[PDB]
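What follows is a set of notes on a single structure, which appears directly below.
Note that each Cβ is placed from the backbone with ideal geometry, even for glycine, and that neighbours are counted across all protein chains shown. All of this is worked out from the model, or read from it or from the source named; nothing here is a laboratory result.
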Amino acid sequence: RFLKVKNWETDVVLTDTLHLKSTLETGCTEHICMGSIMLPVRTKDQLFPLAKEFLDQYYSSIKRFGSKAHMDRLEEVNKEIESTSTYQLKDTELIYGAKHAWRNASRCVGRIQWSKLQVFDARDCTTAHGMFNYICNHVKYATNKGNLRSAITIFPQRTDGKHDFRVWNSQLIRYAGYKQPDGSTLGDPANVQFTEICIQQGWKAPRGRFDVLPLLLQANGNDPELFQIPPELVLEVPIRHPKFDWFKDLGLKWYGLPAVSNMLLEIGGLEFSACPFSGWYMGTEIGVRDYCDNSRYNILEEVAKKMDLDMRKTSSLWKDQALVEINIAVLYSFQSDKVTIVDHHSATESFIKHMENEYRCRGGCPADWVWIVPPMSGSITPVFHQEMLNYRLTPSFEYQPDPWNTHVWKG
Amino acid sequence: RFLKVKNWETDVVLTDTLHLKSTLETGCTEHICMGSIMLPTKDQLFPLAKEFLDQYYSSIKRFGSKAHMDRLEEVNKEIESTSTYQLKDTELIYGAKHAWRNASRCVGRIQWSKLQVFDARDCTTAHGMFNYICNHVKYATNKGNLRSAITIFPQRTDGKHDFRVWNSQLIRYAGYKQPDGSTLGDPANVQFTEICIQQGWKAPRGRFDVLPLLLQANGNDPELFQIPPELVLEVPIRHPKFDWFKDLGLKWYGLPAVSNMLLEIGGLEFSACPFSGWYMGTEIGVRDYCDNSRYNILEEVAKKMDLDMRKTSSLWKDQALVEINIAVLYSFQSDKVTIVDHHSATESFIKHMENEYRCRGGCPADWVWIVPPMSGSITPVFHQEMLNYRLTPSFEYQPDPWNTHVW
Ligand code: HEM
Ligand code: HEM
Ligand SMILES: C[C@H](O)[C@H](O)[C@H]1CNc2nc(N)[nH]c(=O)c2N1
Ligand SMILES: C[C@H](O)[C@H](O)[C@H]1CNc2nc(N)[nH]c(=O)c2N1
Ligand SMILES: NC(=[NH2+])NCCC[C@H](N)C(=O)O
Ligand SMILES: NC(=[NH2+])NCCC[C@H](N)C(=O)O
Ligand SMILES: [Zn+2]
């Protein structure tokens with residue numbers, strides 16, 4: 001069953017066959033689309049089949065499908081699973097796995113870079129201090145003095161679900177958020193809950209508007225431990241505008257390395273609950289969402305004032321005018337300081353090329369339009385005009401519940 | 001069964017039960033989401049009429065009354081007899097209003113109950129259609145104080161006697177393919193602009209030439225008619241700061257009137273049902289003016305603004321986009337022609353969603369179409385989870401007539 005997607009701006013039509021290999025569910029039915037919904041211990045029984053599908057894809061990728069090496073690997077894993085109820089991936093398989101989870105991430109517009117992922121194998125890690133060390137190395141390698149490199153660090157996989165490794169932070173680097181008694185929020189509102197947990201764990205909060213949070217790391221199902229990332233390892237960019245000299249006076253800045261650290265990486269049935277990964281920012285992430293979401297730093301009003309914009313009536317599009325400026329400032333500041341960053345026009349054009357390539361060389365490219373289209377200037381980016389098919393392939397990156405909601409504290 | 005949708009900016013959570021009354025398909029499956037795809041018998045008829053009549057009577061608090069049973073029986077007999085049926089006026093009006101109520105891609109539905117319905121089922125010729133359409137346009141335009149309306153021509157019978165408005169909108173600008181290879185006017189209408197000529201229209205070959213109506217009645221071939229210019233309200237586009245803006249030579253019409261859709265009520269198909277409301281600014285400023293395959297005007301505007309168009313990262317396209325859309329809203333307002341900005345419109349939709357959830361148990365909505373084409377996340381709908389599903393009565397797409405007509 002073939003399926004075609006059309007780009008209404010170029011009339012280019014593509015045919016998708018890859019969706020046929022999709023096994024997981026979407027959340028949608030023939031009766032309802034849940035396309036805009038944010039979030040719509042395994043058994044030996046269910047493990048080997050997942051393992052075989054993976055190994056089959058892996059061996060095909062290296063052109064050794066059906067070889068003796070392939071067959072022996074299946075036999076070996078089968079035995080190991082029956083013998084230990086789980087199995088260990090070879091280094092080669094882990095790298096292939098991690099790269100494909102990124103390749104299969106439908107919400108990611110930066111996937112044209114998927115094959116260049118640097119994979120750090122932290123499966124020999126046993127303690128939080130060990131985790132802290134791997135994480136520091138990942139940040140230094142990835143930051144590369146501003147010339148960012150994509151990377152992922154993979155800690156030991158889940159076993160019985162009672163010895164999980166977890167990074168409690170949502171990103172390796174992020175700013176604290178503090179709820180004030182007058183109801184206002186100091187810092188980043190998105191991290192208030194986590195910030196409270198850190199303080200409760202012993203962190204001495206400096207209580208400023210841009211305090212880098214400490215790492216709260218959990219190894220082998222133990223209680224999480226706090227660690228401060230060496231400041232010299234955290235690259236930050238002061239935000240200023242190329243034409244407005246007062247912009248710098250807003251005292252804004254952001255970190256250069258975006259590193260999601262709360263997702264779960266699934267490979268051949270195995271679950272890697274601590275798999276922090278990083279790339280580089282697309283401007284709008286900071287400029288539109290982190291700075292202008294009403295629930296984030298919410299700086300639109302203050303910026304519009306300084307610009308002396310008609311804020312009497314929305315139809316003056318004062319919000320839209322200020323948004324552009326703020327986004328111009330983010331891109332400008334990063335570029336001046338030579339910290340890697342990509343604007344939405346450039347990133348989306350690249351994704352379209354990546355997508356076309358994938359259809360031609362792979363038979364498709366699962367993509368989530370709701371997420372792919374930038375939060376500003378939607379239709380002036382090619383992705384808006386591009387029809388997309390969203391479906392779940394493994395290996396994959398999945399959401400998981402915040403650990404403070406599931407953790408059995410030991411004291 | 002009972003689905004919940006959350007607004008991530010306000011934490012407000014709504015529970016959707018209305019979807020349980022969904023009847024049509026979405027194009028999606030448990031294995032694949034096609035949410036961004038633009039276009040995913042007497043025995044057949046009676047159940048549909050029944051479903052409709054039941055909701056109709058339920059709506060008037062006479063569910064299961066004699067009147068209900070009676071009407072049900074009457075239509076039933078009429079169908080078994082005529083193989084079809086006719087809606088009472090009350091039912092026609094309710095059907096049309098609800099078709100708008102159920103249009104998941106429309107962000108202006110808070111106005112659904114105020115729809116003026118013009119019953120043109122007694123129409124029989126293209127001239128007749130032209131007359132009905134002129135009246136609709138004048139009524140809806142109302143000197144700039146726009147009023148929503150829909151005119152409903154005769155329903156389908158055998159499919160060989162269909163009424164159809166060939167234009168895609170009652171009022172639209174012509175598009176001509178020049179030797180240069182480039183396109184003059186509106187590229188979206190290059191083709192239709194040709195079928196008119198292939199029919200006799202004397203194209204003034206301009207940038208904003210109001211197209212002619214090409215009307216099809218009872219199945220016969222379509223005819224051309226020039227809408228009285230005094231009936232076409234237009235707005236000269238100028239900027240409230242860039243005097244050079246007016247120089248751009250831009251203008252647009254004030255009445256958006258989709259004319260190529262099909263209205264389905266109780267199984268009955270109305271293939272010619274033009275309807276109009278009023279514009280949301282971005283429709284013109286972002287889509288019509290800046291789409292690459294439309295009037296594609298960003299470069300010129302950026303130029304005049306003297307912006308650094310060397311690097312995409314200077315965001316000249318975005319800056320220009322903003323100014324343009326400022327000018328559309330400014331013009332319309334200055335000429336007292338109804339128009340709504342995407343901020344005000346989206347705020348209204350959120351309120352409408354809430355009302356709909358509490359008074360009806362839900363509101364089918366297509367996020368991909370609801371979120372405006374610019375400044376997405378600074379509008380509230382961006383942060384609003386939505387459930388898309390098909391409820392009837394509804395407005396459906398249908399093949400362009402020139403790809404089905406047997407001259
Ligand atoms: C090279 C630079 C990269 C760019 C420019 C890029 C861009 C983006 C953007 C703009 C988003 C949406 C983020 C949001 O709205 O919160 C995103 C999402 C995503 N990306 Fe990428 N990305 C990059 C690298 C990576 C890497 C290295 C991985 C994985 C190995 C990855 C995995 C994902 C996933 C799984 C999501 C969805 C996360 C969620 O659901 O919250 N990306 N990316
Ligand atoms: C009163 C003012 C109204 C406003 C502000 C409004 C706004 C909008 C907007 C912004 C769109 C998207 C247009 C596009 O992208 O092409 C839309 C679509 C739609 N609206 Fe409304 N609308 C209004 C009245 C109407 C009326 C009166 C009806 C029908 C009775 C209606 C039916 C629909 C339908 C069926 C669609 C989707 C059409 C398609 O698929 O191309 N709208 N509306
Ligand atoms: C409710 C809606 O799904 C939600 O606000 C989505 C929309 N698109 C998005 N797109 C990206 N890239 N990131 C997001 O966080 C979101 N949020
Ligand atoms: C391919 C994609 O579905 C297409 O470009 C959609 C996106 N969202 C839209 N939203 C609205 N309101 N109108 C449109 O025409 C579209 N086009
Ligand atoms: N380009 C990326 N790798 N993004 C990861 C998500 C970062 C998140 N959206 C932020 O604004 O901090
Ligand atoms: N507001 C409306 N009723 N719009 C109907 C569709 C009009 C179309 N989007 C246009 O720009 O011409
Ligand atoms: Zn769907």
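Numbers for the structure displayed
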read-out	value
Residues located in the range B:210-233, provided they are out of contact with any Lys or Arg (no Cβ under 9 Å at 6 or more places or on another chain), part of a strand (DSSP E or B) and surrounded by fewer than 22 Cβ atoms within 10 Å (Cβ to Cβ)	B:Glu223, B:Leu224, B:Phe225
Selection count, the range A:21-38, where residues are facing chain B (nearest Cβ under 9 Å), over 20 Å from B:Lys21 (Cα atoms) and not β-branched (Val, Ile, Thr)	5
Residue tally, condition out of contact with any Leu (no Cβ under 7 Å at 6 or more places or on another chain), more than 20 Å from A:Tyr399 (Cβ to Cβ) and not in a helix (DSSP H, G or I), over the range A:25-64	7
Tally, over the range B:19-60, of residues that are within 16 Å of ligand 3 (Cβ to nearest atom) and closer than 16 Å to B:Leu391 by Cα	1
Among residues of the range B:372-399, those that are touching a helix residue (DSSP H, G or I) at 6+ places or on another chain (Cβ under 8 Å), assigned to a loop (DSSP other than H, G, I, E, B) and more than 7 Å from chain A (Cβ to nearest Cβ), counted	5
Any hit, the range A:274-289, residues being at the interface with chain B (Cβ under 9 Å from one of its Cβ atoms), within 16 Å of ligand 2 (Cβ to nearest atom) and surrounded by fewer than 24 Cβ atoms within 10 Å (Cβ to Cβ)	no
Test: A:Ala69 is away from chain B (no Cβ under 14 Å), touching a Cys at 6+ places or on another chain (Cβ under 9 Å) and either away from ligand 4 (no atom under 16 Å from the Cβ) or within 30 Å of B:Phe382 (Cβ to Cβ) (or both)	no
Top-ranked residue in the range B:345-371 [being β-branched (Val, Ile, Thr) and more than 8 Å from chain A (Cβ to nearest Cβ); ranked as surrounded by the fewest Cβ atoms within 10 Å (Cβ to Cβ)]	B:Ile350
Exclusive hit being in the same structural domain as B:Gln178 (by CATH), within 21 Å of B:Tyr397 (Cα to Cα) and of a type in the set (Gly, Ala, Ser), set B:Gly206, B:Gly267, B:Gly200, B:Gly219	B:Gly219
The range A:36-70, subset loosely packed, with under 13 Cβ neighbours inside 10 Å and among the hydroxyl-bearing types (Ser, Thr, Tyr), residue farthest from ligand 2 (Cβ to nearest atom)	A:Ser67
Flag if B:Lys77 is away from ligand 1 (no atom under 16 Å from the Cβ) and within 25 Å of B:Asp366 (Cβ to Cβ)	no
Complete set of residues in the range B:322-331 that are within 7 Å of chain A (Cβ to nearest Cβ) and among the aliphatic types (A, V, I, L, M)	B:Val322, B:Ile326, B:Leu329
Candidates B:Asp16, B:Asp11, filtered to the one that is loosely packed, with under 12 Cβ neighbours inside 10 Å, closer than 18 Å to B:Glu385 by Cβ, within 16 Å of ligand 3 (Cβ to nearest atom) and within 14 Å of another protein chain (Cβ to nearest Cβ)	B:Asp11
Residue match in the range B:22-35 (condition: surrounded by 12 or more Cβ atoms within 10 Å (Cβ to Cβ), within 16 Å of ligand 1 (Cβ to nearest atom) and within 30 Å of A:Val5 (Cα to Cα))	yes
Residues within the range B:337-371 that are within 11 Å of ligand 2 (Cβ to nearest atom), outside any helix (DSSP H, G or I) and among the β-branched types (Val, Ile, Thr), tallied	4
Candidates A:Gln157, A:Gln201, filtered to the one that is out of contact with any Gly (no Cβ under 8 Å at 6 or more places or on another chain), surrounded by fewer than 15 Cβ atoms within 10 Å (Cβ to Cβ) and of a type outside the set (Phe, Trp, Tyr)	A:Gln201
Residue match in the range B:379-399 (condition: small (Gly, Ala, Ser) and in contact with a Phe, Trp or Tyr (Cβ under 7 Å, 6 or more places away or on another chain))	no
One residue from B:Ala103, B:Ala67 being away from ligand 7 (no atom under 16 Å from the Cβ) and not in a loop (DSSP other than H, G, I, E, B)	B:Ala67
Whichever residue in the range A:39-66 is over 30 Å from A:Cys361 (Cβ atoms) and away from chain B (no Cβ under 14 Å) and, among such residues, is nearest to ligand 1 (Cβ to nearest atom)	A:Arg42
Residue list for the range A:298-321, restricted to those being facing chain B (nearest Cβ under 9 Å), at negative phi and of a type in the set (A, V, I, L, M)	A:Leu300
Residue ID - farthest from ligand 5 (Cβ to nearest atom), chosen from residues in the range A:12-38 that are under 14 Å from A:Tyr359 (Cβ atoms), among the hydrophobic types (A, V, I, L, M, F, W, C) and within 26 Å of the chain's Cα centre (by Cα)	A:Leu20
Residue check for A:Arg289: closer than 27 Å to A:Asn191 by Cα, part of a loop (DSSP other than H, G, I, E, B), within 13 Å of ligand 1 (Cβ to nearest atom) and not assigned by CATH to the domain that holds A:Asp188	no
Inter-residue pairs, beta-carbon under 7 Å, first at positive phi and in the range A:140-168, second away from ligand 3 (no atom under 16 Å from the Cβ), 6+ apart	A:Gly146/A:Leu235; A:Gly146/A:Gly256; A:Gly146/A:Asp337; A:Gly146/A:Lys338; A:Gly146/A:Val339; A:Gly146/A:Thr340; A:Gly161/A:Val41
Condition broken by A:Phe334, with the remaining ones in (1) at the interface with chain B (Cβ under 10 Å from one of its Cβ atoms); (2) surrounded by fewer than 17 Cβ atoms within 10 Å (Cβ to Cβ); (3) part of a helix (DSSP H, G or I) satisfied	(2)
Residues satisfying the stated conditions in the range B:235-259, i.e. out of contact with any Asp or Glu (no Cβ under 9 Å at 6 or more places or on another chain) and either among the β-branched types (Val, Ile, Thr) or not in a loop (DSSP other than H, G, I, E, B) (or both)	B:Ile237, B:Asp243, B:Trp244, B:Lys246, B:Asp247, B:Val258
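This table checks each residue for (1) surrounded by fewer than 23 Cβ atoms within 10 Å (Cβ to Cβ); (2) among the charged types (D, E, K, R); (3) not assigned by CATH to the domain that holds B:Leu224.
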| residue | (1), (2), (3) |
| --- | --- |
| B:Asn135 | yes, no, no |
| B:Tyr139 | yes, no, no |
| B:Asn142 | yes, no, no |
| B:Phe153 | no, no, yes |
| B:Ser168 | yes, no, no |
| B:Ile171 | no, no, no |
| B:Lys177 | yes, yes, no |
| B:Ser182 | yes, no, no |
